[PDB]
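This document opens with one chain alone, in structure tokens, the form deposited in one PDB entry.
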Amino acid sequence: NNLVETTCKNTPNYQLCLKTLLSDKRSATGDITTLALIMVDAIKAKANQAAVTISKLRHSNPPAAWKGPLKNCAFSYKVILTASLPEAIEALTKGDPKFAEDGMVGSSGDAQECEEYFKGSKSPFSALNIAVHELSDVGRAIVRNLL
């Protein structure tokens, strides 16, 4: 809790970081690596939600103009889920945290990339892309403590 408060103060979104870390039993005892791992899991949950939302849209007779955006968003979230976040978990757990930082930079940029495909028009899961981006930037800040 005092570790959590200190850690969260040194992120771009204090209350988001607080709610996320304190949602997980592991924070009430976990060290800073543990806090990073909790944040990775939060990003993971939102990325899985986005991946499924994209599949639903793509199978629901979407507007023709969303064909490219949605295909590239699906690719974006597949990178996050199969590469960026598994890389961060492994690196935090048993390796070099620099690679977890890379993973968070990746997921932050990939969620932003997906959102920006809908520029000029309605973005159908905007809040979700924003959530993944903001949580990634919080995680990046947390992991920076280990570097």
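One rule holds for the numbers: they count along the sequence shown, beginning at 1. Only residues modelled in both forms are compared. Rigid core here is just the name for the largest C-alpha set that superposes within 1.5 Å across the two forms.
Below: the form deposited with a partner chain bound, not depicted.
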Worksheet item: With the partner chain left out of view, which of 59, 94, 67, 122 would have a heavy atom within 4.5 Å of it in the deposited complex?
Response: 94
Fill in: Residue contact check: residue 118 to the partner chain in the deposited complex, 4.5 Å heavy atom
no
Worksheet item: in the deposited complex, does residue 41 have a heavy atom within 4.5 Å of the partner chain?
Response: no
Practice prompt. Tell me, yes or no, whether residue 51 is in contact with the partner chain in the deposited complex, where a contact means a heavy atom of each within 4.5 Å.
Written response: no
Discussion item. Can you work out whether residue 45 and the partner chain are in contact in the deposited complex, taking contact to mean some heavy atom pair no more than 4.5 Å apart?
Written reply: no
Practice prompt. May I ask whether 14, 81 and 108 all come within 4.5 angstroms of the partner chain in the deposited complex, judged by heavy atoms?
Written response: no
Worksheet item: Which of these moves by 2 angstroms or more at the C-alpha between the shown form and the other one, core superposed: 121, 93, 82, 29?
Response: 121
Worksheet item: Lining up the core, where do at least three residues in a row all have CA moves of 2 Å or more between the shown form and the other one?
Response: 119-122
